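Shown next, in structure tokens, is the structure this report addresses.
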4 protein chains.
Amino acid sequence: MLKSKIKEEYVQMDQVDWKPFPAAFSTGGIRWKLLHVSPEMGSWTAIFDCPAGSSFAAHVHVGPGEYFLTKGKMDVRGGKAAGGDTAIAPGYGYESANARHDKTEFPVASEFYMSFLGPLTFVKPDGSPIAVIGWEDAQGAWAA
Amino acid sequence: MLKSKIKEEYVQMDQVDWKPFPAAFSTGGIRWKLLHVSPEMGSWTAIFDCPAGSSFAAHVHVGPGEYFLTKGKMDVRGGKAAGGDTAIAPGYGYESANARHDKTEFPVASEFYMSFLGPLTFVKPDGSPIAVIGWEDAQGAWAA
Amino acid sequence: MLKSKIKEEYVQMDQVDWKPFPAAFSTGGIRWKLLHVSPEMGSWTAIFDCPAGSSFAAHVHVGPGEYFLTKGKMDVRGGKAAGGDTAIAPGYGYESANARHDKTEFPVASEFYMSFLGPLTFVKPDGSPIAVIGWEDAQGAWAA
Amino acid sequence: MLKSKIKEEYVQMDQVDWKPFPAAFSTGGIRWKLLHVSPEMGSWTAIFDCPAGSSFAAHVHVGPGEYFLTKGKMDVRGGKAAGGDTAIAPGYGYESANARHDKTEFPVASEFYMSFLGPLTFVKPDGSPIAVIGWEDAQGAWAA
Ligand SMILES: [Cl-]
Ligand SMILES: [Cl-]
Ligand SMILES: [Zn+2]
Ligand SMILES: [Zn+2]
Ligand SMILES: [Zn+2]
Ligand SMILES: [Zn+2]
Ligand SMILES: [Zn+2]
Ligand SMILES: [Zn+2]
């Protein structure tokens with residue numbers, strides 16, 4: 001079977017409503033827009049609106065992810081003081097495969113765009129997996 | 001101060017002994033040779049020696065995998081009779097991101113080479129994750 | 001040889017100066033910041049500052065690319081009127097492998113962040129390759 | 001309206017005839033079987049039947065490639081004597097992004113399986129691009 005090329009996509013982001021990000025995987029009122037999923041590679045891209053005081057549940061990146069913090073301030077891997085990074089808008093980060101994000105948090109109301117290659121493994125304190133959340137999970141939470 | 005290109009690799013495969021593949025994730029005394037891991041993308045490549053009756057524990061591919069069955073016969077996604085496939089050497093298979101392999105098994109003594117983008121999530125019958133096994137887990141099981 | 005995991009990275013983007021984007025591949029005064037290169041996969045990520053009236057030379061994406069237009073307006077694949085897209089900030093686009101970008105242009109002063117998997121093939125009107133420009137080329141133009 | 005998972009594939013390789021590999025990019029009467037193309041990422045996978053003395057035209061890998069030499073002997077990056085490698089079956093090789101293969105050649109009748117992420121840029125001796133040959137080019141050469 002001859003395969004065709006993949007269609008290009010365009011999203012007018014201000015004509016897409018924010019949705020609450022699942023409470024199972026965050027606290028403090030985080031909202032999101034899913035922008036794209038790639039079913040073949042398993043990559044996906046989203047933007048997040050994160051109130052001051054908000055955070056994501058503990059997780060591990062199984063593939064590389066890259067972010068552009070456009071507004072605010074984000075502590076990753078503990079924040080700069082703890083030997084991680086404190087992203088301050090405008091900030092770019094490369095979170096490598098295997099990166100462990102125990103409590104990514106937002107000291108200031110923030111907005112960040114992130115692309116992910118593959119899923120996030122949400123983990124218990126002992127590192128055991130709770131949920132493996134990737135493109136398909138994202139698409140369903142966004143659109144189903 | 002600038003990043004370098006990644007080094008090329010070569011493995012003389014017949015000068016590498018088969019090692020036992022982890023019992024936690026397989027049955028039947030499967031052996032393997034780990035050939036490559038890619039830390040950045042999280043891909044990994046190995047060849048497997050699979051006795052008749054052997055199998056891998058239930059798992060989900062979080063990214064694409066590609067196999068070359070060089071000897072024997074493998075039932076994947078339940079075998080062709082079940083709407084899956086039954087690979088017979090020489091066979092090639094593309095296992096797409098999110099492919100669910102509840103019991104990939106070998107009715108005949110077999111050998112196959114396979115590359116994996118990202119981890120395999122080994123799952124309980126309800127789909128709960130047991131372990132997410134990726135490049136560094138493969139390396140770790142091979143090394144020592 | 002045991003391989004280690006890839007280091008995470010952080011770039012404070014407002015402490016990095018804009019550089020002129022090569023005249024060989026653009027017109028109208030485009031500036032850029034290279035944010036990241038991935039030597040293994042060949043991916044790279046940059047942000048661009050594009051004056052009104054500016055454009056990039058004709059090119060083909062050999063892999064997928066994704067952009068976030070944070071300011072302004074960008075005509076891609078001819079613009080919406082011509083059957084491409086007119087990105088209007090805030091806009092997201094997925095430019096698939098093989099996408100042909102004859103004259104990506106900026107009717108309004110714009111800023112966009114883009115990630116690229118693999119190089120761009122800059123082409124002559126007849127489609128013949130002039131230059132294949134990827135992570136390594138980007139890193140050298142940025143940093144050497 | 002939501003994107004579907006990519007379909008799995010299977011090829012019974014012995015029920016596919018060898019076809020001639022393009023003369024534009026090789027010497028010696030190499031034959032091949034194209035096994036898979038991935039439109040989204042731009043990867044592709046094939047097996048090659050290479051007569052003694054055969055070779056591929058000078059090229060650069062824009063992304064990683066991985067080969068399994070199942071029969072014979074291949075000199076890559078000039079052969080091991082030149083600081084390259086000389087693969088002897090059974091051999092595995094990782095050819096990293098940006099690997100320059102001026103004359104990959106076969107001193108003995110050989111066969112190898114290889115997966116490619118992205119295109120090969122075939123080059124003139126000065127490094128100028130002649131042709132960028134990727135998944136869709138492979139498909140096109142195979143199909144008809
Ligand atoms: Cl998923
Ligand atoms: Cl490059
Ligand atoms: Zn994270
Ligand atoms: Zn499997
Ligand atoms: Zn792991
Ligand atoms: Zn473009
Ligand atoms: Zn090559
Ligand atoms: Zn092409």
Side-chain angles (χ1 to χ4, degrees), chain A residues 8-19 21 30-38 41 43-50 64-70 72 74 87-95 110-117 135 138 142, chain C residues 9-14 16 18 21 30-38 43-51 54 56 61 63-70 72 74-77 79 84-96 99 101 104-117 120 138:
Chain A
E8 308 91 352
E9 308 168 11
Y10 178 66
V11 173
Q12 189 59 59
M13 294 162 58
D14 52 344
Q15 296 172 358
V16 167
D17 281 323
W18 295 101
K19 291 196 176 77
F21 192 73
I30 297 187
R31 293 182 311 161
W32 78 314
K33 301 180 185 187
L34 184 61
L35 296 173
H36 171 84
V37 301
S38 280
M41 189 165 352
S43 66
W44 52 287
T45 302
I47 189 163
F48 303 82
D49 181 47
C50 306
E66 297 185 57
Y67 69 79
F68 181 12
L69 181 71
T70 55
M74 181 181 66
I88 297 179
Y92 165 85
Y94 180 72
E95 296 297 317
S110 302
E111 182 183 76
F112 75 100
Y113 170 99
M114 191 159 183
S115 203
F116 309 90
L117 175 52
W135 74 274
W142 178 241
Chain C
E9 308 168 11
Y10 178 66
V11 173
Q12 189 59 59
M13 294 162 58
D14 52 344
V16 167
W18 295 101
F21 192 73
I30 297 187
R31 293 182 311 161
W32 78 314
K33 301 180 185 187
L34 184 61
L35 296 173
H36 171 84
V37 301
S38 280
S43 66
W44 52 287
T45 302
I47 189 163
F48 303 82
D49 181 47
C50 306
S54 67
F56 288 102
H61 294 251
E66 297 185 57
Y67 69 79
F68 181 12
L69 181 71
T70 55
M74 181 181 66
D75 277 351
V76 205
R77 289 169 285 103
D85 284 295
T86 298
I88 297 179
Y92 165 85
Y94 180 72
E95 296 297 317
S96 45
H101 285 170
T104 296
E105 67 182 19
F106 301 91
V108 173
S110 302
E111 182 183 76
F112 75 100
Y113 170 99
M114 191 159 183
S115 203
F116 309 90
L117 175 52
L120 306 183

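Chain letters run A, B, ... following the sequence lines, proteins first and then strands; every chain starts at 1.
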Correct closest heavy-atom pair for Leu35(C) and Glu9(C) would be O-OE1, 4.4 Å

Apply side chain to side chain contact (heavy atoms under 4.5 Å, CB included) to residues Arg77(C) and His101(C) and explain how you reach the verdict. CA-CA 5 Å; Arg77(C) 289 169 285 103; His101(C) 285 170; 4.0 Å; yes

Are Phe56(C) and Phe48(C) close enough, and set up right, to give a ring pair (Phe, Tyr, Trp, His ring centres under 6.0 Å), and what steps lead you there? CA-CA 11 Å; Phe56(C) 288 102; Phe48(C) 303 82; 5.6 Å; yes

If I take atom CH2 from residue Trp18(C) and atom CD1 from residue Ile47(C), how far apart are they, to the nearest 0.5 angstrom? 5.0 Å

Mind checking the CD1-CE spacing from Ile88(A) to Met13(C)? Nearest 0.5 Å is all I need. 13.5 Å

Tell me the closest heavy-atom pair linking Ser38(C) and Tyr94(A), and the distance in Å. OG-OH, 3.7 Å

Give a yes or no on whether the backbone of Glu111(C) and the side-chain of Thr70(C) come within a donor-acceptor separation of less than 3.5 Å. yes

Check against ring pair (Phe, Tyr, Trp, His ring centres under 6.0 Å), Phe68(C) and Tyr113(C): CA-CA 5 Å; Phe68(C) 181 12; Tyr113(C) 170 99; 7.5 Å; no

CD on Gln12(C) to CG on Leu69(A), rounded to 0.5 Å: 8.5 Å

Looking only at heavy atoms, which two atoms of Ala87(C) and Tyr67(C) are closest? And how far apart? CB-OH, 3.5 Å

For a quick test of reading the model, state the closest non-hydrogen atom pair linking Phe112(A) to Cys50(A) and the distance between them. CE2-SG, 3.7 Å

Stepwise side chain to side chain contact (heavy atoms under 4.5 Å, CB included) check, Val16(A) with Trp142(A): CA-CA 11 Å; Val16(A) 167; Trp142(A) 178 241; 3.4 Å; yes

Going by atom types alone, do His36(A) and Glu66(C) pair a side-chain donor with an acceptor below 3.5 Å? no

Exercise: do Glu8(A) and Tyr10(A) side chains pair donor with acceptor under 3.5 Å: no

Tell me, please, which residues at least two apart from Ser115(C) pass side chain to side chain donor-acceptor pair (under 3.5 Å). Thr45(C)

Can you see which heavy atom on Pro64(C) is nearest to which on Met41(A), and at what distance? CG-CE, 4.2 Å

Between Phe106(C) and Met74(C), is a side chain to side chain contact (heavy atoms under 4.5 Å, CB included) present by the stated rule, with each step listed? CA-CA 5 Å; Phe106(C) 301 91; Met74(C) 181 181 66; 3.2 Å; yes

Parallel, tilted or perpendicular, as decided by the 30° and 60° cut-offs, for the rings of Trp44(A) and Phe116(A): parallel

Can you see which heavy atom on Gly72(C) is nearest to which on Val108(C), and at what distance? CA-CG1, 3.9 Å

